[PDB]
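Heads up, the chain below is alone and in the form deposited in one PDB entry; it's given as structure tokens.
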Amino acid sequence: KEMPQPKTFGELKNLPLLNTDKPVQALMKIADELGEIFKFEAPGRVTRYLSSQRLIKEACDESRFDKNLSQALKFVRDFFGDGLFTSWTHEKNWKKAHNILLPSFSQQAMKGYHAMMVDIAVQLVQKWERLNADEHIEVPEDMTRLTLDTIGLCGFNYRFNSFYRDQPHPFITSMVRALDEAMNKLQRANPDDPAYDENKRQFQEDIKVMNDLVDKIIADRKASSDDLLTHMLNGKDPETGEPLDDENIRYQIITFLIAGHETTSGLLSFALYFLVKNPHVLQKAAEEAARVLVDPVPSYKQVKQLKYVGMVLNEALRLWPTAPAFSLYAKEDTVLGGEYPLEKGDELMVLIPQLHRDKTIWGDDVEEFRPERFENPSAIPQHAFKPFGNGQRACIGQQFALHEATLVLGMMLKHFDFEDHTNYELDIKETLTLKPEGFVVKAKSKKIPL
């Protein structure tokens, strides 16, 4: 078969389709129109967007495809370097860092982050307890305060003190600007037009703000633990026998500060969004929180007891996976789905929100928010639900994000009643990652001591 392709713009081919503030949502609409696979061409570049579990299960075969750096990721390497997220699988620094840092996400490590997660979660509950009547909550803004602080504290013993700030923290402002610019770059026909001279200048200055903070974390540690930073500076890879060098460690820190919070903020924001729009689901989740979380602060074992809350989060990730795409390349010539020949090196994009809407897997009601879908996660076929990516290049922090989200959402649901007082219309902001923009609620305290 010859694969479908969306509308073209003469010599720019499909490039102008990306000239939009919401390019993943645009791609999703193209998928609904064209089906499980389409070609996307730009001047000098081609990739193939996959949306069906039928093809994606083959894309996920690590003997045939490896992680690719999409254009997006190539632009973000400018500050992420050969950190775990933007390193090729075959770069020496990938497996070394993987091996050195995986022990920071062991069960014992997770247990040892619990207390610090609680520290930040108590700060969020308190801010909300302390609002006056009729004040409201800027949801994704507060979720970012919580998630950035949580990775700062758990990972690096560093306090961003975001709940002591009325604006976003400076690190968040430059992060968002840098991600925005990477996203806007995707559509640029002539990236070296001098019209983009200012864009590049703002980009470097934002890279600088982020690296200045990295330098401080490193200085604090040299001046003061058993956390992610301890492993970065001290662990040896059992294979090579070598530790990470200084340059790579700096890339790891920036990588973990961003990947370690942005997408978790998004998940909590989408999860609160879907709860307030599904009052019976909210009540069922609130019932579990009350039942389970009997003590003044949650225990580790208690968070693991929050099954329905877990289900809520996975259902939020099904509809709006907050890192919505990952990319693969063909390790050798190969045929996808018995119908689409690929040559070695050809690129694929997995369009995760469309995968998550495959009616052959999920049934006809794919737009409904139904956490019950996840009542037995075993039931889900392989490669049908991939919000944390694939194989050895899957999310290292999956358990950390989920533990944090589950803890926080559990506390919110124990401690407050929520009101969607504006009848908020979902508006999804893209910064490569996804998050609701302008989402606000009011929270009425249930006056349960903390």
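For every residue, the number given is its place in the sequence shown, counted from 1.
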Would you class the number of unmodelled deposited residues between residue 224 and residue 225 as none, 1 to 3, 4 to 9, or 10 or more?
1 to 3
When mean C-alpha B-factors in the record are compared for 40-48 and 64-72, the larger belongs to 40-48
Per the entry, where is the mean C-alpha temperature factor higher: 253-261 or 73-81?
73-81
Member of 357, 98, 307, 169 with the greatest C-alpha B factor (per the PDB record)
169
Looking at the C-alpha B-factor values in the deposited entry, which of 324, 345, 337, 140 comes out highest?
337
Per the entry's values, where does residue 10 land by CA temperature factor relative to the rest of its chain, in the lowest, middle or highest third?
highest
With respect to C-alpha B-factor, does residue 33 fall in the lowest, middle or highest third of the chain as deposited?
highest
In terms of its chain's C-alpha B-factors, the third that includes residue 150 is the lowest
Taking only the Cα B-factors deposited for this chain, tell me whether residue 235 sits in the lowest, middle or highest third.
highest
Residue 211: CA temperature factor from the record, placed by chain third, in the highest
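Below, we turn to the form solved in complex with a partner chain, even though it does not appear here.
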Please pick out the stretch from 269-277, 252-260, 320-328, 100-108 that is in contact with the partner chain in the deposited complex, where contact means heavy atoms within 4.5 Å.
100-108
Within 4.5 Å of the partner chain in the deposited complex - does that hold for a heavy atom of every one of 35, 67 and 81?
no
Touches the partner chain in the deposited complex: residue 382 (any heavy atom, 4.5 Å):
yes
Find out whether any non-hydrogen atom of residue 377 is located within 4.5 angstroms of the partner chain in the deposited complex, and reply yes or no.
yes
Using 4.5 Å between non-hydrogen atoms, is residue 238 touching the partner chain in the deposited complex?
yes
